[PDB]
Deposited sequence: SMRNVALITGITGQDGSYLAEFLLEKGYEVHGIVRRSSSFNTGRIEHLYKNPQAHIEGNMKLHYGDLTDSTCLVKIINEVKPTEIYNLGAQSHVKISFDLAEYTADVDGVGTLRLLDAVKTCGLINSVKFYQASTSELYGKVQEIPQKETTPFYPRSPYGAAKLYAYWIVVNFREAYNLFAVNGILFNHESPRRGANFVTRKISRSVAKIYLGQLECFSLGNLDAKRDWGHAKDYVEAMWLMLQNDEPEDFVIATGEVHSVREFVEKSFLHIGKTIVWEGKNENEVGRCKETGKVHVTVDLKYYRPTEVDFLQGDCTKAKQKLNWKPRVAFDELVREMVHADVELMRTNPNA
C-alpha cells in the first residue's frame, strides 16, 4: 500500500512529484487552498488515483481531518509562501505558513496516531545557508538565513528534527538548491527571464527590468529534484540531504544565454541601477535594472555539495544549466505564440 499526501500539490514541485508518484502506482492525495479562481493549472491534466482536499497549513483541524481520512504512508510538505522578496513584506504570514505550518502538520500526524507509520518529507532549502559560511555548502555547513522566508524555513527544519528525535518519526529535511522548469512561477527570476525573452522574440514586448544581475545560483531542474524527495523516503534511516548541481551561474548569465536562444547577443553598459542590456546587432535596450527588485539582505552566492546524496541515494542531477535555459525559453516561445496573454 503506497499512499502519498502532498501539501503544495498545485505548485511547481508538487505537480512534478504527483506525476512521479502516480507513475509508480501510488494513490496520491493533495491539499489545495480554496481560491476564488481555478488554481490547479499545473495538475488538471491528471484530473482515479489522484484526490484533492481543501485545506490550509494555518488550520490545524483541517489537517487532522485530511490525514485521518487519507492514512498516508508518505507525506511531502511542499506547501509554502515560497517567494523570498515577498517574504520581506509578508513576514508574519510567511512565518505562520512555512514555519508554524510545518509544526501543525507534524502535530496532526502525531494526533492521528501515525507517528510510527508515516514517512515525512520537509521541503528545506539552500536559503537556510543565506550568507554562506562555507563554499560549497553541505549538510554540516552552519545556517545563516537572510530573509523572513529563510528564518521561517529554519524553524521548520529544526521542528522536523525535533519530531524525529523526540518521537522517532521518520522525518527528513531535503535541503534543495534552486530548481526550475517550464512550470516555475512567473515571479522567480528564471521564469521571469524566459517569459520576457520569449515575448521579445515574438514582438510582444520590447524591454523588461530585473534587480541584482550579479547574484549567483546553483540551478537544477525540478523534475530531477522531486525524484530525490522520494529517494529520501525510501532510505532505511531518516537522514537530511543537500540536493544540488554544484555548478554556479549568475543572473546575468541566465539573461545572456536566454537571449542567445532567440538569436540575440546582449551587451551590458552602465553600473548598478543604471545598468542596461542592449542588443549588439540593433542597439535596442532589452534589459534594465530597478531597485524595487533588490532584496534588503541579498543571498549573494550558493553552490551545493550533494556528495552525501550521490553516495547514499544514488541520486544525480541529469539536466545541466545550458539545457535548462534552452528548455525554458523554447517552452515559453511556444506558450506565448499560442496565446499572447499566457
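Judged by missing C-alpha atoms, the gaps in the deposited chain sequence fall at residues 1-2, 50-57, listed in sequence order.
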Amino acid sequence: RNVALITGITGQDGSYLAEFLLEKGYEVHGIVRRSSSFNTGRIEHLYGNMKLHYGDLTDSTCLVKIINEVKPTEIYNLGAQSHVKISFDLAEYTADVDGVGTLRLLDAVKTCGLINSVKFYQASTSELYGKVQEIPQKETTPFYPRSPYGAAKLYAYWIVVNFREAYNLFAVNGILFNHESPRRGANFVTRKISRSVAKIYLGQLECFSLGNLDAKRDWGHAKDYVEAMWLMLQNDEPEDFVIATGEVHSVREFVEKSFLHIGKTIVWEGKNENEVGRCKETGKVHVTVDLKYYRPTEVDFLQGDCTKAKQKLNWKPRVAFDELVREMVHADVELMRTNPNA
From here on, numbers count along this sequence of modelled residues.
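Per the records, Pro317 is modelled in every other compared entry, just as the shown structure includes it, so no third of them leave it out. Not even a third of the other compared entries skip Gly304; each one keeps it along with the residues on either side. When the two stretches 147-155 and 194-202 are set side by side, the higher mean Cα temperature factor goes to 194-202. Remark: stretch with higher mean C-alpha B factor among 116-124 and 257-265 is 257-265. Comparing the C-alpha B-factors of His53, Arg42, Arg34, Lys312 in the entry, the top value falls on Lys312. Taking only the listed residues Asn272, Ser87, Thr102, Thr73, the entry reports the highest CA temperature factor at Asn272. The deposited CA B-factor of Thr111 belongs to the middle third of values across its chain. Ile135: CA B factor lies in the highest third for its chain, per the PDB record. Per the deposited record, the Cα B-factor of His83 falls in the lowest third when ranked against the other modelled residues of its chain. Placement of the Cα temperature factor of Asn173 within the chain: lowest third of the modelled residues, per the deposited record. In the PDB entry, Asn339 places in the highest third of its chain by CA B-factor.
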